[PDB]
Amino acid sequence: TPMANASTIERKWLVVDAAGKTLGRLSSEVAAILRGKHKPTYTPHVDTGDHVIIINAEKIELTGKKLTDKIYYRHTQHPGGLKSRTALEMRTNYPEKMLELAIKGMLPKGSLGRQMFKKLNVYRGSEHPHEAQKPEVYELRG
Amino acid sequence: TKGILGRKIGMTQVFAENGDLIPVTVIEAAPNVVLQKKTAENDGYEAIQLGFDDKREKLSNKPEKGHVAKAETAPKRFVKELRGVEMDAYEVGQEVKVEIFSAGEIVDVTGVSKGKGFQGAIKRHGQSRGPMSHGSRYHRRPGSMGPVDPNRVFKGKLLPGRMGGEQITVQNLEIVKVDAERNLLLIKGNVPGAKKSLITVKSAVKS
Amino acid sequence: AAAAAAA
Amino acid sequence: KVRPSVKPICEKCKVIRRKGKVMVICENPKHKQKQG
Amino acid sequence: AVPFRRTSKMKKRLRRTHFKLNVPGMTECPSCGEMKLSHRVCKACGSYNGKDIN
RNA sequence: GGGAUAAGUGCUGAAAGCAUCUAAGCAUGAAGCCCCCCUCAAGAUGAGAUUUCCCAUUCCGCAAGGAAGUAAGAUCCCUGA
RNA sequence: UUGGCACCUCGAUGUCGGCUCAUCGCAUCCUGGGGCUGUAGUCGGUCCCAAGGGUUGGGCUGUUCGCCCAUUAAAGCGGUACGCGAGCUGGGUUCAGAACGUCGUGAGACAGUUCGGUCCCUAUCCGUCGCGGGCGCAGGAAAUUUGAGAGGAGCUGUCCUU
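Residue numbers (my numbering), protein chains in the order written: chain A, 1 to 142; chain B, 143 to 349; chain C, 350 to 356; chain D, 357 to 392; chain E, 393 to 446.
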């Protein structure tokens with residue numbers, strides 16, 4: 001009886017700037033955008049969410065002493081395979097997969113989660129190659 | 143850096159300037175023709191392509207014939223890249239010869255090692271052998287797969303399999319003699335691979 | 350005891 | 357010396373708190389104490 | 393060395409995917425046919441490029 | 001041999017007019033770490049990149065698409081390591 | 001480690017010590033960097049940071065352990081069903097025979113000792129080690145490749161100058 005969209009979803013493109021916000025508070029909003037929680041036509045099994053582009057990923061910041069205390073782990077399937085780096089080294093070299101690990105942590109787990117991860121595009125600032133899609137600038141709610 | 147690639151013939155012994163006897167590996171490695179120059183603005187990195195041991199037109203494809211048309215040369219059996227050479231210092235179609243190496247230099251030698259087939263753990267991994275007597279039924283076997291508690295075998299457990307056919311690099315070999323007339327390089331020591339196989343000789347990482 | 354001598 | 361009972365041994369000892377750690381520095385180097 | 397569970401029908405059919413055998417290298421015999429497998433003497437006419445050698 | 005470092009050694013300095021390795025800012029510092037040494041690596045479904053060939057047929061399906069022959073190329077079969 | 005309880009297994013969870021293969025944690029044996037020393041120098045003592053690598057050949061005993069011989073830079077502690085018997089041996093425990101000492105009238109018994117004594121399995125699935133066939137990578141191909149990631153290696157003695 002209620003509406004449930006399928007193959008009629010219109011997906012927009014959004015640009016999110018990460019110059020002054022946390023890792024962090026923006027990542028939950030980006031995950032909610034990618035899920036489609038901002039649209040009234042949300043249906044939980046058809047991925048009504050839309051594309052988002054994040055620029056200035058190197059300008060991200062995070063409060064406290066997390067630059068030296070937050071540790072990322074990438075354990076292999078080999079014994080003694082625990083490899084670790086700090087948040088400063090992960091931000092300094094390539095913070096793109098920092099942001100994608102944040103979004104992947106806040107996205108749901110499943111086939112739709114891997115599908116909604118594909119709409120995310122994180123780039124080192126401040127230009128993106130998606131000008132042909134004509135993305136609009138999105139301002140964060142807070 | 144500099145380098146050249148070719149075919150090794152076999153091993154011999156050469157005494158030089160004293161009574162001392164040197165094991166010598168003979169490599170035919172000339173001429174090599176520059177086929178393609180990789181640039182950072184187009185390919186993303188700097189490298190050159192070297193072609194060796196040209197063949198008949200029956201054994202070469204039309205893409206292979208068209209790829210070597212720019213260098214003005216016959217199609218060649220072996221193509222490999224060298225990275226990173228001193229850019230540019232070589233133009234497309236220039237012949238690289240054995241005169242670039244003097245007979246006192248230190249070079250890196252790499253190649254595909256000899257195949258041994260599917261071999262047991264004793265030969266493939268150097269594992270020690272079980273007793274042949276005192277009632278023992280155990281020899282030539284790889285060992286216990288591990289503990290009980292993980293309920294699985296850990297990755298990296300050394301087991302029988304195919305030995306050889308992989309790329310092996312031997313570091314810091316010395317050129318004994320260079321032969322510009324007969325296109326030969328004489329290298330001190332042992333070189334991986336079988337006879338008439340492809341051997342790449344590059345300058346060592348100094349120092 | 351617990352001798353494994355099953356036949 | 358590293359002990360969890362960092363105390364001023366003599367009158368010249370001074371109690372400091374470098375890096376979130378209670379420490380005693382003194383003119384005598386035998387009185388240097390740290391915890392943690 | 394004892395099977396813990398029985399193999400289902402679908403797993404057995406998936407294992408029997410590569411159990412099939414290929415069509416031989418059979419070609420037209422120039423003398424009579426038909427047909428003749430490659431690099432062997434024809435069983436019908438007994439000829440091979442192209443004398444009757446039996 | 002490089003970069004950030006641990007324990008330590010510090011420089012300039014106030015909270016607290018002094019003093020102070022620290023709360024801001026700069027160093028130095030280990031066979032630990034991340035590279036430089038070697039090897040596998042785009043099924044990295046995020047499937048990347050460069051060079052060079054082959055070309056844009058026929059018949060149905062009004063659209064999507066489906067069959068036959070073929071070019072570049074590869075394979076069946078054979079001589080072998 | 002010795003214990004306590006008896007929660008799981010008695011329509012079976014094979015138990016010691018060795019062989020083979022290892023992996024992990026430092027409360028670090030050496031090697032690396034330091035502080036304090038009643039550290040003149042060498043050698044030392046104690047306490048920090050550090051698991052990267054390496055941490056032996058025998059005689060005795062089934063032995064772990066332990067003692068001794070000769071080295072070494074050192075011959076480190078533990079966990080993984082006191083790691084590992086569908087990977088291996090049965091010397092000891094722990095069957096059926098026979099003795100010694102002791103107890104029991106006796107049949108017999110003894111963490112008291114000694115001699116001898118059947119260790120099955122053709123791997124279905126997950127795991128691991130190698131090798132192939134498909135399909136994908138918005139045309140079909142032949143080559144050359146960047147590297148997200150992953151694995152390997154990582155030890156040290158002695159002599160001469162200063």
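No residue lacks a Cβ here, since even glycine has one placed at the ideal position from N, Cα and C.
Quick check on residue i: buried or exposed, where buried means 16 or more other Cβ atoms within 10 Å of its Cβ?
i	result
A/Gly81	exposed
A/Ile60	buried
D/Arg373	exposed
E/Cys424	exposed
B/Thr342	buried
A/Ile71	exposed
B/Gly193	buried
A/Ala31	buried
D/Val362	buried
B/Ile190	buried
B/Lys150	buried
B/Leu315	buried
A/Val137	exposed
B/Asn184	exposed
D/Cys366	exposed
E/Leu429	exposed
Looking at the secondary structure, which residues open and close the alpha helix (DSSP H) in which residue i lies?
i	result
A/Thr92	87-93
B/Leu201	Run containing B/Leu201: none; DSSP gives neither H nor E here.
A/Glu96	96-106
D/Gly392	No alpha helix (DSSP H) contains D/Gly392, which DSSP labels as neither H nor E.
B/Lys256	Careful: B/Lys256 lies outside any alpha helix (DSSP H) and carries neither H nor E.
A/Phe117	111-117
E/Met402	401-407
A/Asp69	66-69
Starting from residue i, trace the beta strand (DSSP E) in both directions and tell me its first and last residue.
i	result
B/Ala189	189-196
A/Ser28	No beta strand (DSSP E) contains A/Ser28, which is instead part of the alpha helix (DSSP H) from 25-35.
residue 144 of chain A	An answer regarding residue 144 of chain A cannot be provided, because it is not within the stretch 1 to 142 covered by chain A.
B/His267	Unbroken run through B/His267 is the alpha helix (DSSP H), 263-267; no beta strand (DSSP E).
B/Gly145	145-157
B/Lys337	Looking at the DSSP string, B/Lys337 is not in any beta strand (DSSP E), and its letter there is neither H nor E.
B/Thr311	309-321
B/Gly303	303-305
B/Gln178	174-180
Please tell me whether residue i and residue j are closer than 8 Å, where the distance is taken between their beta carbons.
i	j	result
B/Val333	B/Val318	no
B/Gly152	B/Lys337	yes
B/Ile242	B/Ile146	yes
B/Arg304	B/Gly259	yes
A/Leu140	A/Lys39	no
A/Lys66	A/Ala87	yes
A/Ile55	A/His130	no
B/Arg225	B/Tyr280	no
B/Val234	B/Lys180	no
A/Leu62	A/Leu107	no
B/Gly288	B/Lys297	no
B/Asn325	B/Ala172	yes
E/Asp444	E/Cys437	yes
B/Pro205	B/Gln261	no
A/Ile53	A/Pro135	yes
Considering Cα atoms alone, identify which of the options is closest to residue i.
i	options	result
B/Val227	B/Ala182, B/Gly257, B/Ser202	B/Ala182
B/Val175	B/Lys239, B/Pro302, B/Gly298, B/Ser202	B/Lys239
B/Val320	B/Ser345, B/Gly161, B/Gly246	B/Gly246
A/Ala18	A/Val122, A/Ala57, A/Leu112	A/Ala57
B/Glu308	B/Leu326, B/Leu340, B/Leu177, B/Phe296	B/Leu340
A/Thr68	A/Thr41, A/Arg114, A/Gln133, A/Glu89	A/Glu89
A/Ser111	A/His45, A/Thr1, A/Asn5	A/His45
Quick check: does the Cβ of residue i come within less than 7 Å of any heavy atom belonging to the ligand FAD?
i	result
A/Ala31	With respect to the ligand FAD, the structure offers nothing, as it holds no ligand at all.
* Check whether the stretch 167-186 of chain B touches the stretch 49-60 of chain A, counting contact only when three or more Cβ pairs, one atom from each stretch, lie closer than 8 Å. => no
* Evaluate the contact criterion for the stretch 218-232 of chain B versus the stretch 247-266 of chain B: three or more CB pairs, one atom per stretch, below 8 Å. => no
* To do: Mind the definition here: the stretch 6-14 of chain A touches the stretch 87-97 of chain A only if three or more C-beta pairs lie below 8 Å; say whether that holds.
  => no
* Kindly confirm or deny that the stretch 372-391 of chain D and the stretch 289-297 of chain B touch, where touching means at least three C-beta pairs closer than 8 Å. => no
* Touch test, the stretch 264-279 of chain B against the stretch 207-216 of chain B, Cβ-Cβ under 8 Å, three pairs minimum -> no
* Would you check if there are 3 or more beta carbon pairs closer than 8 Å linking the stretch 22-37 of chain A to the stretch 100-117 of chain A? => yes
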